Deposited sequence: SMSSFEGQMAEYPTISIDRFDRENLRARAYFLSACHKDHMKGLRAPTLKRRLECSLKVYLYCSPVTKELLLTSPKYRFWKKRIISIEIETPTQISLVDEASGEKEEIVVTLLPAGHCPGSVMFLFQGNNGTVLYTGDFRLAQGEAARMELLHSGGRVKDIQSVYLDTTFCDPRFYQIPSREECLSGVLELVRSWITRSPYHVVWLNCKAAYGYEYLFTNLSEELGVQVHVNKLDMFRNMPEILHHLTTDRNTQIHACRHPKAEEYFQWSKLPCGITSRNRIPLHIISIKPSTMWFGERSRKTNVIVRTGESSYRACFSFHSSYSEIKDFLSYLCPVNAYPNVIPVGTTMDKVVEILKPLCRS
């Protein structure tokens, strides 16, 4: 529910390109999650870019590379500027009419394992603010980010605009990335090593975001992962070489036409059912967030749902305990939820005790 503008710097728009964001002096994109790209190729945005020539879109190098592979975003090509990771970079913001000059320093920080995903730290003459985008970091990772600190202590951060997808005490703990990855790996390994005819379908609905899962499975098991499309990774060999559009592989992450219901699926999306007329022996594995209360113990990241079907713990977002740790550490004046699980009322109030206001 973040609508693009932070109170401290209203002339910049982040992860939202419609409505009030049509008057931005600069744009920012944290990652190629579809829900962060609302309005990014709307005719009204194109209309506005034609009549405001010094407006740029800023993002990570990987995000820029991903965007410029898509024909529908190539109208941006002249005006997308990447900023290197953890490299504080001064940007000038131009008032097209009145000529007001505005200078801000932006630093891109890692946000988690989605390709090109970043947090944006903004430092200007109205305080320091952090926009996380979607994020989940390792233990101590924020503490190790030198550019979040000054003189040994955390920077004085006025406001944090953060991913509160699981900002409720019921989502207290989520198994770690390492636990999730190891679980899926060992499940896949135990299946595909039985014979060349044993195959896995990874049921991942989004077109973007699961690439670190595919690359790790591919690296560890020596198999390319089937995908619908890999041209976005044309210039990214470390991702590209773990993927394939050829369906003759033991690991598939191909996707059904988005229109189809889950209950209508009867086979791998790409339609391969046999090799040498030997039927393929298929299990389905669906990445799915699993969580545990404060007083509970974590259980197996793999949940069996049928003879040939499984769910596997996976999260793009921090648990409630991880959110608390992050905000306790940053100790901002304000914390604003980007996502409502409830209302901005339970969640803003849940975060209040971690802030200085």
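Counting the deposited sequence from 1, the stretches lacking C-alpha coordinates are 1-3, 345-346.
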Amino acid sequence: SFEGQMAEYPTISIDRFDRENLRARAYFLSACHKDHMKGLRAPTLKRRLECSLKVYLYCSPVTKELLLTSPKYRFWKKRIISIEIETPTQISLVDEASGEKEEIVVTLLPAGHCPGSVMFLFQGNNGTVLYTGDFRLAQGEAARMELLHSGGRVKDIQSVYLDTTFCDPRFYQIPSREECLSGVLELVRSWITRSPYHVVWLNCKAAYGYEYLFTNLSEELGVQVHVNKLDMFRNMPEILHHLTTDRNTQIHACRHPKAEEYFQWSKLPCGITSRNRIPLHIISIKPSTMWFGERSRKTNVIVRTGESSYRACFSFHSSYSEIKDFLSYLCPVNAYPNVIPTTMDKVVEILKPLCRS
From here on, numbers count along this sequence of modelled residues.
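Note on 229-237 vs 142-150: mean CA B-factor is higher in 229-237.
Judged by mean Cα B factor in the deposited record, 252-260 ranks above the other of 252-260 and 168-176. Highest CA B-factor among the listed residues (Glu307, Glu322, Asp35, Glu65): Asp35. Across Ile83, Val105, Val118, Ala207, the entry's maximum B-factor at the CA atom is seen for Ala207.
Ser60: CA B factor in the lowest third of modelled residues in this chain (values from the PDB entry). Ranked within its chain, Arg23 lands in the lowest third, by CA B factor from the PDB record. Compared with the other modelled residues of the chain, the Cα B-factor recorded for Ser190 ranks in the middle third.
Among the modelled residues of its chain, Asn338 has a C-alpha B-factor that falls in the middle third, as given in the PDB entry. Compared with the other modelled residues of the chain, the Cα B-factor recorded for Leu49 ranks in the highest third.
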